[PDB]
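Novice: Residue numbers (the authors' numbering), protein chains in the order written: chain B, 16 to 587; chain A, 15 to 588; chain B', 16 to 587. A prime marks a further copy of an entry chain. Handing you this structure, nothing more for now.
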Amino acid sequence: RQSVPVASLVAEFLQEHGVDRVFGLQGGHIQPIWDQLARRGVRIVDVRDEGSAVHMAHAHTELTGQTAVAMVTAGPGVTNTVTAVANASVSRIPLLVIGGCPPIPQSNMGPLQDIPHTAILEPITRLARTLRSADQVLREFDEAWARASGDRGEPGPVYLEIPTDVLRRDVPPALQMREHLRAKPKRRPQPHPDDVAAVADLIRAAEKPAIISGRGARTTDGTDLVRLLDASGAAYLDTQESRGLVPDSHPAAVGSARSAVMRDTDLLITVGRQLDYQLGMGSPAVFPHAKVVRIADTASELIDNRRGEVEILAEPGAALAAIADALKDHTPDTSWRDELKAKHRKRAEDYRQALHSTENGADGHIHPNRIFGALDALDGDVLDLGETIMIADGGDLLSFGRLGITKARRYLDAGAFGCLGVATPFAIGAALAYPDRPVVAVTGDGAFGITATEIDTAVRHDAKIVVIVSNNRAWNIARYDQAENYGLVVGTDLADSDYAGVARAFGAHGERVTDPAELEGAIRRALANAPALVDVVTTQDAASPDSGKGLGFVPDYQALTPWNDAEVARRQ
Amino acid sequence: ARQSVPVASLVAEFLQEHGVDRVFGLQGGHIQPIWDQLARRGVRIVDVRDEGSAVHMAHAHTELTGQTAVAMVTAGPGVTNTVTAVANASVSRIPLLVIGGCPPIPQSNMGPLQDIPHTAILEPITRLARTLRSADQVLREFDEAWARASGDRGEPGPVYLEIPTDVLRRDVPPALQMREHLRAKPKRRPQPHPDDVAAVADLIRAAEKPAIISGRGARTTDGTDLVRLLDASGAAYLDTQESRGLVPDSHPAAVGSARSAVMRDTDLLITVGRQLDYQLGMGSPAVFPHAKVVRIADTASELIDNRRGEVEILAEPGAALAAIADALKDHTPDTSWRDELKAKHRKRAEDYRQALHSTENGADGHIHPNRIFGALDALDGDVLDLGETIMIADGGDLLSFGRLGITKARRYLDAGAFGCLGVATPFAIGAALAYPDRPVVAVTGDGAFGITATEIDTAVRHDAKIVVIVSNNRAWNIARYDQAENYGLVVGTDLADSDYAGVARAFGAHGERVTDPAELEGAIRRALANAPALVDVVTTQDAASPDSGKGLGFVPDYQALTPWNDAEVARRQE
Amino acid sequence: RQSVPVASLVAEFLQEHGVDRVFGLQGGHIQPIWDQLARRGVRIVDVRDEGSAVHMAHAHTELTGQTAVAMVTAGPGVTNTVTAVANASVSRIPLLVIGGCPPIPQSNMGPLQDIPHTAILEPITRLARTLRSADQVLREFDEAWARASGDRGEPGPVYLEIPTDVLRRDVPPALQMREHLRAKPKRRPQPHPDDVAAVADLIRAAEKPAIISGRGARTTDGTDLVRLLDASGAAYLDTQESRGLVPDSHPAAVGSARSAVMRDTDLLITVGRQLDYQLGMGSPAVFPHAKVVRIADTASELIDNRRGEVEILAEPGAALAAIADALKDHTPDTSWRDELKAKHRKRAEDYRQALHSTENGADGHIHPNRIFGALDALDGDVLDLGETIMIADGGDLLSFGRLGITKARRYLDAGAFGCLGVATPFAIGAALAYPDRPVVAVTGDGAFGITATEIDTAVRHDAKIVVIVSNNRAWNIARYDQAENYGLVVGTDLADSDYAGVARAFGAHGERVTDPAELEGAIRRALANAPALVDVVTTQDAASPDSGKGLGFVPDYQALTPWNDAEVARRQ
Ligand SMILES: CC(C)(O)C(=O)SCCNC(=O)CCNC(=O)[C@H](O)C(C)(C)COP(=O)(O)OP(=O)(O)OC[C@H]1O[C@@H](n2cnc3c(N)ncnc32)[C@H](O)[C@@H]1OP(=O)(O)O
Ligand SMILES: CC(C)(O)C(=O)SCCNC(=O)CCNC(=O)[C@H](O)C(C)(C)COP(=O)(O)OP(=O)(O)OC[C@H]1O[C@@H](n2cnc3c(N)ncnc32)[C@H](O)[C@@H]1OP(=O)(O)O
Ligand SMILES: CC(C)(O)C(=O)SCCNC(=O)CCNC(=O)[C@H](O)C(C)(C)COP(=O)(O)OP(=O)(O)OC[C@H]1O[C@@H](n2cnc3c(N)ncnc32)[C@H](O)[C@@H]1OP(=O)(O)O
Ligand SMILES: CC(C)(O)C(=O)SCCNC(=O)CCNC(=O)[C@H](O)C(C)(C)COP(=O)(O)OP(=O)(O)OC[C@H]1O[C@@H](n2cnc3c(N)ncnc32)[C@H](O)[C@@H]1OP(=O)(O)O
Ligand SMILES: Cc1ncc(Cc2csc(CCOP(=O)(O)OP(=O)(O)O)c2C)c(N)n1
Ligand SMILES: Cc1ncc(Cc2csc(CCOP(=O)(O)OP(=O)(O)O)c2C)c(N)n1
Ligand SMILES: Cc1ncc(Cc2csc(CCOP(=O)(O)OP(=O)(O)O)c2C)c(N)n1
Ligand SMILES: [Mg+2]
Ligand SMILES: [Mg+2]
Ligand SMILES: [Mg+2]
Ligand SMILES: [Mg+2]
Ligand SMILES: [Mg+2]
């Protein structure tokens with residue numbers, strides 16, 4: 016070891032921790048680190064808006080399991096990340112944001128961009144610190160990295176900033192400890208056999224067990240989950256954050272039976288999943304028959320809203336496998352599961368077939384379902400959807416996408432936070448992580464306007480993305496809530512903008528589609544010329560399931576009207 | 015068959031159902047609705063003279079019993095009087111619940127009586143700090159906060175809940191009162207991964223001088239799996255103030271008078287439920303120059319701080335210790351380093367303990383405080399069983415003398431890593447009410463005692479059989495010493511020759527003064543037979559504790575003590 | 016100038032800012048400052064509990080107008096001040112708390128007493144900072160001092176901490192600027208003549224104008240206030256924080272007519288006073304006839320709860336004088352004022368006379384009013400109450416004191432915060448500020464137990480205080496609310512403690528009184544042998560006005576039942 020500046024040690028820490036790319040937007044306050052990363056051969060993915068850098072890191076970590084890194088300058092560089100940080104905090108995604116900040120001598124004197132970054136981010140981070148001791152910077156980075164995994168909290172974003180004078184200070188070689196530089200393995204807490212046995216007992220007693228998966232299940236490869244489904248005879252639901260773990264053809268996979276599974280299950284088993292608004296707060300109003308069991312590697316997925324008759328705090332894979340083993344010699348009763356599955360096959364197959372022929376709305380424009388029809392028709396022709404990363408974003412478009420996207424290797428979307436604008440940044444992070452296939456993002460026009468200039472970033476860094484815009488000249492789920500519940504549409508219309516032209520202005524391939532029969536051809540050309548955008552002129556006369564269920568209205572007790580009605584009855 | 019009842023009734027029931035049989039507090043209007051309901055269910059109310067003392071009593075209760083304890087305080091100054099005791103619990107990572115009063119929702123921000131931002135003041139030193147504005151969700155919020163106090167979504171420590179008085183009085187329909195939120199919950203038991211267990215056993219097989227240092231998380235076990243691992247590993251053993259009492263004094267590993275020698279030479283430091291904070295030299299290579307590091311804990315607050323393990327086990331510590339012991343089944347440890355320390359320890363500790371009975375008066379003619387520990391040792395097996403006694407220490411010099419003078423105790427409590435002066439009397443009261451059969455003896459500096467002296471009243475009114483012994487040296491003496499030695503000017507560190515026995519008698523406790531060291535055993539004997547009691551010992555200012563000699567008072571740049579700091583300064587210049 | 020350590024410059028800053036005493040409790044982290052203060056001859060008033068030091072500083076500033084200073088060590092030294100800081104923040108009293116904290120190199124490493132002091136205090140301070148730049152420490156002190164006066168906020172407490180390594184760092188002489196060292200005058204914003212004229216117009220139109228005073232009025236000597244009372248014919252009420260500004264014999268002074276003034280005034284003029292719970296939130300329910308005008312040097316006494324038809328933001332003295340001048344040639348209609356005054360003379364005189372002969376309660380013990388009777392009887396004999404600083408504290412005792420203490424040079428009490436325990440610390444700060452007269456504090460036994468050991472501090476520093484304890488073996492306003500509203504008394508009884516014995520154990524003169532006829536003699540002996548305590552064995556059978564009006568109950572909308580009833584009617 017030799018005496019080297021803090022900036023050098025930070026670049027080395029990152030590379031040794033397995034960071035081969037940093038997302039960011041340059042400023043003077045972070046230039047010392049930016050320079051050292053480039054000199055070590057860490058790829059710098061520079062963006063048009065720092066928020067997008069943090070979104071890219073989110074997508075990288077969620078897909079790969081490797082903690083990802085954004086770097087931004089002081090002041091507006093940091094404040095531009097708050098949305099993307101909050102989004103990662105809600106989704107419990109490990110990531111590190113490195114911020115610039117003013118030299119220590121000028122503290123509180125009104126130097127350029129002295130604002131309280133750590134106080135702004137503290138509520139939505141696992142850690143937010145200013146590092147004022149050159150010798151301790153390495154230690155602070157390693158500890159923050161561990162806290163991003165969930166140590167002393169739960170998985171999510173961490174923020175570190177180093178005053179520019181400290182970045183330039185040398186650290187003597189004695190104080191540069193290998194144990195802080197090196198990569199660390201993930202923790203693997205194991206289940207207690209008595210909890211495993213108690214869950215197996217509940218499964219044996221249940222007639223309609225159901226497993227709902229989430230983030231923590233999606234950190235596994237799905238095989239231990241499938242073992243437990245086979246051993247238990249449980250029905251299976253996933254969530255936006257846990258798609259892709261169980262084959263569609265599995266006798267448990269009943270994705271078109273969400274309401275029926277929740278209404279009738281007598282044993283809800285959550286696997287790395289919150290009982291947040293997406294699952295009716297786990298309310299007895301939404302699960303009127305269910306006993307509850309919770310399995311997770313974080314109490315953020317054990318204690319919220321409902322408590323388990325058993326709760327297992329362990330690596331979910333190990334817990335699923337242990338419970339499967341414990342059900343050695345059990346003959347599951349699968350008759351409810353099988354009855355749902357027979358209905359599911361009809362419902363899901365009729366729905367997927369109908370995507371190819373959805374009528375234009377009353378305004379003469381494409382129904383957005385035809386986008387998902389066209390993608391389905393191209394499967395096995397010009398792309399393999401089973402190898403493809405799919406992304407959805409928007410309001411009505413997002414709700415249609417949840418039903419229209421049925422084969423994907425991986426799925427990302429606006430998340431429980433409802434974070435519009437993720438589509439393009441996510442696509443870029445996904446595409447640079449998995450350079451072999453195009454990544455396909457389908458987005459509302461409203462959501463796309465937030466991050467459209469990142470098309471430039473995809474072109475400059477050669478991220479092979481296809482963006483498909485549902486261009487309905489509107490914030491349409493908003494416009495619909497305005498008409499139905501208020502009788503006045505105001506400030507929710509957009510214009511017939513040329514998003515293909517925006518894409519072409521930033522060097523991407525672009526095409527506009529007004530005729531639904533042109534979709535397959537346009538998506539074929541976009542895939543062969545990624546990065547590319549397909550601007551689809553879509554109808555305003557198409558209510559998504561989210562629209563129909565009052566998501567826009569914000570009821571008192573539940574996100575959706577039917578759940579809220581059930582909660583009002585429970586409360587009497 | 016549940017009925018519609020007020021939030022205040024549901025809170026009292028939640029607490030009782032979670033195993034709460036006592037609440038420490040001080041009444042105010044904002045919390046009276048809960049206070050009343052606790053009394054009507056038969057939960058004992060231990061009312062104090064200062065809310066901070068209530069939170070100290072809860073801390074002592076949880077630390078000793080493992081049962082999360084509860085303090086209840088009114089809005090405004092009731093809540094703000096808890097901040098020190100909350101911070102203390104936060105540093106020590108002790109689960110506890112503080113329930114605060116606060117103004118009715120309609121008056122928010124309007125200058126109602128005692129509207130201050132309690133949650134913002136406490137957020138930095140709690141695992142959770144919330145105002146509960148939805149009557150039907152109060153039970154849920156209590157149960158989740160209780161789990162966060164155990165360490166869920168954070169690490170063990172204090173949580174804060176406050177319920178606006180209008181919410182306390184609102185009815186909750188019976189369908190919304192869920193059994194799953196009312197019922198007591200078992201502690202979590204994450205288990206070790208066998209590959210980590212194997213990797214630690216491999217490091218132990220390869221070490222020549224393994225050493226285990228225990229802390230809080232070890233002290234949550236009964237010590238028997240720790241002993242199994244000591245036996246299988248041949249490791250030397252050190253404890254810390256927060257982990258006394260787990261290993262028999264005569265165990266071949268127990269080498270408490272060889273602290274420097276263990277740290278200087280160990281080639282494998284194993285932390286068990288212990289932080290590498292200032293009390294262990296930040297785990298610095300300057301203080302552990304030969305050590306590989308392994309960390310075992312049920313919380314990463316005792317795995318990632320300052321040093322990283324070659325292996326880190328995140329599990330219930332008992333299970334991890336037992337697993338590693340099993341893995342060493344056929345290992346024959348090399349115990350020659352441990353045994354050589356142990357032989358020197360036996361003599362050093364025995365000579366130290368013997369000399370306590372005869373320590374000379376200082377140049378000012380007053381008792382050396384070590385004679386307090388001599389007297390207690392002399393009474394062991396006569397009028398008290400030290401092995402069954404909860405010992406407490408507090409102060410500056412007195413506390414440092416206590417760390418060597420208190421060697422036999424069932425359990426030990428003190429000022430903590432936070433250096434929280436004034437814990438002695440509140441801790442003794444919580445300890446005595448938890449263990450009413452048992453001797454409870456607290457030894458304190460005069461300076462520390464003045465912070466919570468009026469709690470003697472609480473001990474008398476609630477019949478807490480405590481003995482407080484005051485090292486009355488008319489000074490904040492570790493401070494006075496640092497002033498003289500490093501600054502050449504003693505100012506604002508002298509106190510007076512106060513009659514602390516008279517203070518105790520004024521509050522209906524037994525009290526006696528001792529000026530002659532030969533009177534100490536008799537005065538402590540009379541105090542034990544007449545508890546609650548105070549013994550006011552007139553002690554010397556001419557007596558430097560180890561803490562005093564090592565520069566604790568000076569606050570060096572890198573380490574709490576001069577010798578460690580010198581070692582760190584050398585490390586920084588390689 | 017020469018190169019000197021930060022610790023030296025801090026001691027010099029304080030002395031040059033007019034600080035001749037610092038209240039505190041020693042620790043290693045602040046020893047460098049403590050030492051330098053002593054070497055410059057600043058008196059160190061060392062206490063038994065840091066909270067008491069901050070209370071002492073509060074009392075000094077409230078009485079003298081000089082910003083006062085407490086100094087405490089890291090960790091529990093700082094956390095022991097939070098109550099006294101909150102109290103000063105509620106009362107808007109300028110003061111500076113200097114805290115110790117760990118050296119910068121050990122930040123976040125678990126050094127001794129590293130807790131987030133600034134985050135704990137930020138919500139109840141005008142400023143809370145860690146000072147990490149030796150050269151900028153002086154500047155930070157001067158700016159914080161200004162913010163304690165109300166610059167960039169409103170008057171109140173500020174907190175500064177200096178890491179011990181920074182305290183020991185030298186500052187070159189160039190960077191030690193005279194402008195930061197020197198004392199600064201208070202600000203004196205002036206009224207706008209059009210606002211002055213608009214208030215005079217409202218007074219001319221009013222038939223029952225009333226002035227209520229507060230903190231900002233009490234920063235004046237009362238003479239401009241009396242000029243405006245004379246010019247306006249207004250009735251006058253003060254509050255606990257504004258006693259002593261208007262002679263008792265003034266035709267406006269109607270202190271026994273509080274309810275009548277609020278019910279019937281058609282023009283409420285607040286002068287440096289909040290419309291907080293102490294004035295019924297200024298609700299139309301409590302002031303049903305009143306137009307509102309607000310005068311203050313801080314918007315903290317202009318915008319809360321009621322807005323003025325006119326609001327004057329100015330030095331209150333100047334504003335009162337300007338409005339008096341503007342009422343040149345007005346003949347006030349004083350008939351309502353005079354009618355209140357005639358009733359007030361009877362009510363207040365009967366009340367004061369009855370204090371001398373109040374019967375023992377049913378339990379055979381002294382009614383606490385006899386304490387105020389005895390003090391009244393000694394006036395002009397062994398003390399001059401008109402030159403005496405009176406302090407009250409407790410529950411029932413505090414409410415009796417508000418009526419029983421009618422002549423004092425100055426009055427302090429538990430404040431709008433209801434801060435039990437202030438009595439002894441306040442008495443000590445008052446006595447060291449005004450060494451010529453004994454200071455008299457009357458306290459409940461409950462409140463006294465919080466700070467009783469400060470009797471030691473009064474003895475060691477020779478603060479000539481007399482403490483009189485209403486020893487009713489109870490938190491009695493609490494016990495009464497328990498009996499009346501709940502039918503169960505539990506955890507509100509105390510014991511028949513020997514507080515005289517506690518005082519004597521700390522070297523003070525002490526005496527116990529069981530016979531009300533012994534009060535004058537005991538108080539005479541206490542005054543001649545201060546510091547002294549008189550332990551009065553008092554009745555539990557005595558409801559204070561606060562007790563009778565439901566203060567203990569905490570109604571939904573107002574602090575007191577009758578105000579709350581009026582608010583409930585207003586809300587229908
Ligand atoms: C750090 C990084 C890169 O990551 C960032 O985030 S930078 C953020 C984006 N940039 C900014 O926000 C700008 C920040 N800096 C400034 O605001 C300015 O540099 C300053 C206020 C600190 C200094 O500005 P000046 O006081 O130098 O003002 P200017 O108006 O820029 O004048 C420059 C020169 O032109 C002169 N000048 C002005 N008007 C002129 C005129 N009309 N004709 C000729 N000369 C003219 C002026 O006198 C002066 O010359 P001199 O007297 O120093 O030689
Ligand atoms: C409030 C506002 C407007 O300002 C916002 O900010 S909104 C923010 C942007 N939007 C979001 O972030 C979305 C938030 N909402 C949601 O995530 C969802 O509404 C929910 C998670 C709360 C509830 O979703 P569901 O549990 O209904 O799940 P979906 O996958 O949407 O399925 C809807 C229906 O289609 C069904 N379905 C699923 N896949 C199918 C398939 N392949 N074929 C046929 N039907 C299928 C499914 O069973 C169900 O029907 P049913 O069982 O209720 O009858
Ligand atoms: C800064 C200020 C003044 O403002 C404050 O606020 S201070 C706050 C109040 N004080 C505290 O909270 C104490 C803080 N400090 C400590 O906790 C300790 O100094 C330390 C943890 C940092 C260091 O303690 P040690 O590791 O030195 O442990 P001790 O138990 O005190 O042992 C001291 C010595 O006695 C030895 N010893 C222990 N038990 C013995 C026995 N039974 N017989 C003989 N010797 C014995 C022990 O080995 C050692 O000698 P050596 O090996 O260094 O020579
Ligand atoms: C909630 C709990 C118990 O947990 C707490 O924490 S309480 C905290 C400790 N207590 C406090 O901090 C006190 C808080 N409350 C108050 O400050 C007062 O209740 C108040 C400011 C809200 C209202 O006080 P008032 O405006 O009633 O003022 P007082 O000076 O108390 O006067 C009471 C009555 O005596 C009258 N009075 C005043 N001086 C008199 C005199 N000299 N002779 C005769 N009568 C006199 C006065 O006019 C009035 O009678 P009326 O006009 O209403 O009929
Ligand atoms: C940053 C932000 N601001 C507003 C909103 C609120 C919202 C959620 S969905 C929606 C309409 C989306 O319009 P889009 O054109 O993308 O989709 P479509 O319905 O198919 O026309 C809005 C305004 C959110 N969640 N995020
Ligand atoms: C609340 C608080 N304020 C100050 C301090 C700083 C301190 C730590 S030790 C000490 C002196 C203790 O004097 P004592 O009389 O108890 O013991 P002895 O040395 O034997 O005479 C001080 C002032 C701490 N830690 N906490
Ligand atoms: C730190 C704090 N904790 C509790 C309370 C709540 C309270 C306000 S008044 C009172 C009773 C006071 O008893 P005392 O004996 O002093 O007076 P008396 O009624 O005449 O017997 C309590 C408990 C407050 N405000 N502050
Ligand atoms: Mg933005
Ligand atoms: Mg749209
Ligand atoms: Mg002492
Ligand atoms: Mg206190
Ligand atoms: Mg009382």
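Every residue gets a Cβ at the ideal spot worked out from N, C-alpha and C, and that includes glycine.
1. Listing by chain order, which chain A residues have their CB less than 7 Å from the CB of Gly287 of chain B?
2. Determine contact between the region 546-554 of chain B' and the region 379-398 of chain B', defined as no fewer than three beta-carbon pairs at a distance below 8 Å.
3. Taking Cβ to Cβ, would you say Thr373 of chain B' is nearer than 9 Å to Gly409 of chain B'?
4. Does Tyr292 of chain B' pass the burial test, meaning 16 or more other C-beta atoms within 10 Å, or should it be called exposed?
5. From this set, B':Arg54, B':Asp513, B':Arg385 and B':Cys116, which residue's C-alpha is nearest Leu182 of chain B''s C-alpha?
6. Using beta carbons (cut-off 9 Å, strictly below), is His44 of chain A in contact with chain B'?
7. Does the Cβ-Cβ distance between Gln289 of chain A and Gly125 of chain B' come in under 9 Å?
8. Decide if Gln41 of chain A is buried, meaning its Cβ has at least 16 other Cβ atoms within 10 Å, or exposed.
9. So does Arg352 of chain A have its beta carbon nearer than 8 Å to some heavy atom of ligand 3?
10. Cα-Cα, which of B':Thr280, B':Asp35, B':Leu566 and B':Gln191 is closest to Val307 of chain B'?
11. Per DSSP, which residues does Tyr251 of chain A bridge with? Please list them.
Specialist: Quick look at the numbers:
1. Those within 7 Å of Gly287 of chain B in chain A number zero; the least Cβ separation is about 14 Å.
2. yes
3. no
4. buried
5. B':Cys116
6. yes
7. yes
8. buried
9. no
10. B':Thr280
11. A:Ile226 and A:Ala268
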